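Here's the structure, in structure tokens; my notes come after.
Written out as structure tokens, the structure is:
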């Protein structure tokens, strides 16, 4: 992302929606739901807060933090070796190698019995109130406004209170701005393009940045002169 | 030596294959960059084979 994620409170979207006389019955209760829906449907990683938190494994199982939504990586606390997805179907079940993990709910199923693991996970930036906190990027705000507008007009059109042309125009505008926001939050910055360039041009390829925490994904690959 | 009492040396005899009072640029030295490029490119070849 070229731009920065300056955070603002949720009713900044209701500043903008309620200009429209047909969206005057929207509330913070509706804003919260549709904003979470938009955050998830877009799936932009720059909107989440990067956090690292260590837990202990009792026996191939560990308690997971409360605010976790996705896991960037899991590693062993003492070695630093990263973990992979567990393809095994019989992990903690005995009969009569390289470590791995799996996460479903509040439980993480590792292949280690008793060890501490570091989890780099993503969460949502919250407000002083326990509510989501949205970027103030006007592209993001306009796209979220159009999302909420499109949902409300879909309801009104199912009722027959909106002309079909109106809903078609709203959907068209929302689709274009959804593409625009997706590209805005995804296209690399200049500093990120240096990382991508250092990853791309490698006379001797580096294919083991997963073992580390992708620390050296972006380091330059310096060849000595002979 | 017959006429110079100062001319003496040791059992060690040898030579440097250098150019013009410089350090020697041996054959391995002038082939080594190509060997390193060969190794890198064949690393690429092995990974392409594996994939």
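Residue numbers (my numbering), protein chains in the order written: chain A, 1 to 226; chain B, 1001 to 1051. C-beta atoms are modelled at their ideal positions from N, C-alpha and C, and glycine is treated no differently.
Just to make sure I have the definition right: I need the residues of chain E whose C-beta is within less than 9 Å of the C-beta of residue i. Which are they?
i	result
residue 205 (chain A)	In summary, chain E is missing from the structure at hand, where the protein chains are A and B.
Go ahead and pull the three-state DSSP assignment for residue i.
i	result
residue 97 (chain A)	coil
residue 115 (chain A)	coil
residue 134 (chain A)	strand
residue 221 (chain A)	coil
residue 209 (chain A)	coil
residue 9 (chain A)	strand
residue 68 (chain A)	coil
residue 1 (chain A)	coil
residue 163 (chain A)	coil
residue 27 (chain A)	coil
residue 1027 (chain B)	helix
residue 154 (chain A)	helix
residue 188 (chain A)	coil
residue 202 (chain A)	coil
residue 78 (chain A)	coil
residue 179 (chain A)	helix
residue 289 (chain A)	No answer is possible for residue 289 (chain A): the residues shown for chain A start at 1 and end at 226.
residue 94 (chain A)	coil
residue 45 (chain A)	helix
residue 1042 (chain B)	helix
residue 148 (chain A)	helix
residue 1017 (chain B)	coil
residue 1056 (chain B)	A query on residue 1056 (chain B) cannot be resolved here, the shown segment of chain B reaching from 1001 to 1051 and no further.
residue 1012 (chain B)	coil
residue 1037 (chain B)	helix
Please report whether the beta-carbon of residue i lies at a distance below 8 Å from any beta-carbon of chain A.
i	result
residue 1024 (chain B)	no
residue 965 (chain B)	Residue coverage of chain B in this structure runs from 1001 to 1051, which leaves residue 965 (chain B) outside it and unanswerable.
With DSSP as the reference, identify every bridge partner of residue i, one or two as the case may be.
i	result
residue 171 (chain A)	According to DSSP, residue 171 (chain A) bridges with nothing at all.
residue 1022 (chain B)	Its beta-bridge partners do not exist; DSSP assigns none.
residue 120 (chain A)	A:52, A:73
residue 84 (chain A)	A:100
residue 126 (chain A)	A:132
residue 62 (chain A)	A:57, A:108
I want to see whether chain B comes within less than 8 Å of residue i, judged by CB atoms only; does it?
i	result
residue 77 (chain A)	no
residue 20 (chain A)	no
residue 226 (chain A)	yes
Report the CB separation of residue i from residue j in whole angstroms; it is logged as a contact under 8 Å.
i	j	result
residue 10 (chain A)	residue 31 (chain A)	6 Å
residue 189 (chain A)	residue 2 (chain A)	5 Å
residue 146 (chain A)	residue 177 (chain A)	5 Å
residue 153 (chain A)	residue 139 (chain A)	So it is not a contact: roughly 21 Å between Cβ atoms.
residue 210 (chain A)	residue 82 (chain A)	6 Å
residue 75 (chain A)	residue 98 (chain A)	Contact doesn't hold; Cβ gap of about 13 Å is too wide.
residue 7 (chain A)	residue 132 (chain A)	Actually they are not in contact, since the Cβ atoms of residue 7 (chain A) and residue 132 (chain A) sit about 10 Å apart, beyond 8 Å.
residue 13 (chain A)	residue 35 (chain A)	7 Å
residue 124 (chain A)	residue 1043 (chain B)	Wrong, their Cβ atoms sit about 43 Å apart, outside the cutoff.
residue 122 (chain A)	residue 72 (chain A)	7 Å
residue 42 (chain A)	residue 169 (chain A)	Residue 42 (chain A) to residue 169 (chain A), Cβ: 21 Å. No contact.
residue 1005 (chain B)	residue 226 (chain A)	Residue 1005 (chain B) to residue 226 (chain A), Cβ: 47 Å. No contact.
residue 109 (chain A)	residue 102 (chain A)	4 Å
residue 17 (chain A)	residue 149 (chain A)	7 Å
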